[PDB]
Structures are given as C-alpha cells and as structure tokens.
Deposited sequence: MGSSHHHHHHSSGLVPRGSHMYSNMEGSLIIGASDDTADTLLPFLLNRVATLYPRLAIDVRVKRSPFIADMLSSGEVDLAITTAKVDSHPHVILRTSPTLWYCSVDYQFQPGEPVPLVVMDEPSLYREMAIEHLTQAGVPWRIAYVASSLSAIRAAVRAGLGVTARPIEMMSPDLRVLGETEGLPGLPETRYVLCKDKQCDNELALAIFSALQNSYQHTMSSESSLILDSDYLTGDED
C-alpha cells in the first residue's frame, strides 16, 4: 500500500512529525508522501483523493480523530511595548485564516479594539514579525519560544479557545491503509 498525508504549515513542524512516528510504528515498511499547503487547499485535496489523510486545526462535517488539545495564546516579542489604552495591532495571515478570525471574534466579543498591523502569507513570516515586535498574534502553545511573551488577563486580552489538532479522512475513503491508521489512532484517544 501507499499513503499520502496532507498537512498545513501550522502542523508541519509540530504534529506532523508526531503522526509520522505513530504511523511508522504501525507500518515500518510504509513510505509516506507529504503535501504541505494552506488549509483551504488541503481540505479540498482530501475530498478529491489527492491526499489519503490530513492533519489540520480547523473545526472539522467529517470523521476525525483528535491527536492533541493545546492552549491558544496571545504572543508578542520579548520587549514589545504593549499598550492597553490602544487597539491591539494584529500580525495575522491574509484572509482566509482561522487564527485571524479567532483573534478577531474574541476581541469583538470582549469589546477590545484592534487593527491589522501586519499581514503575511505563512506561519514563518508570522513568527518572525511577532519576534521582531510588529505586534500581537493568537497561536497555539506549539508556537512558543523563550523568545516570546504571552499577554493575557492582566494586559486586558480575553481567553482563547483551545486548539484541537485533528486527523481527518474522507467520508468515502477506500485506501485500506488510511482506514487502519485512522482506526488505530482512534483506538488510542478514547
């Protein structure tokens, strides 16, 4: 058998290697192809069979196994001059972006004003901007560095929902190997 795993950049460096170690344990002789692409594209690839399995952070209409639940936090640089009396300058990816929408829903919900301080098209560009003090972002605990500060209730920012890293197969999947991996991971977390 063969297996192609879909993943977006928010998992490629974090939960993807975890999944690959789990898969290797169950199938040491399985060679794995990986596609990394923005979450809108990978959702479509799973639907079309371009990938057999996908690891994402979206609210996923589908069969899914939860690989991990992590806090989501507000981050700024080690020496960022955060100012309560002003609107949160956001470093976010371009539309569409779950973390951008999450940040914005929660500031709105909580009544806290905000602006789009900086747009970039990748997690790597996001990380760099925050680290280099261009503003604030909302991301999973996996993004953390000793390089970064967390902002919260003391600084006036609201709680954020947890990030769920989820494994997805298509409703009509018939790759028997993707079906056993799904089922094997499922029998771990329940």
**Fill in**
In deposited-sequence numbering, the unmodelled segments run 1 to 26, 87, 218 to 238
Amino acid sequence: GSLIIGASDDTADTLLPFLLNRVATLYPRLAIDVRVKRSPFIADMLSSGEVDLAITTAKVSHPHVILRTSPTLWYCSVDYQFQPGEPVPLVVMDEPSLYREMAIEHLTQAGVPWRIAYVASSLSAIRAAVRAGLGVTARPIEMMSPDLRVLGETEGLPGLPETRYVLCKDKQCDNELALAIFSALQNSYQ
From here on, numbers count along this sequence of modelled residues.
**Request:** For the higher mean C-alpha B factor in the entry, choose 115 to 123 or 79 to 87.
**Result:** 79 to 87
**Prompt:** Would 15 to 23 or 175 to 183 have the larger average of its C-alpha temperature factors, as given in the entry?
**Reply:** 175 to 183
**Item:** C-alpha B-factor winner, where the candidates are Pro140, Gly133, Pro161, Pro158
**Value:** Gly133
**Asked** Sorting the chain's CA B-factors, does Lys37 end up in the lowest, middle or highest third?
**Response** middle
**Fill in**
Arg68: CA temperature factor from the record, placed by chain third, in the lowest
**Fill in**
Temperature factor at the Cα of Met45, chain-ranked in thirds, falls in the highest
**Complete:** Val92: C-alpha B-factor third of its chain, per the entry, is the lowest
**Fill in**
Sorting the chain's modelled residues by C-alpha B-factor and splitting them into thirds places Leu98 in the lowest
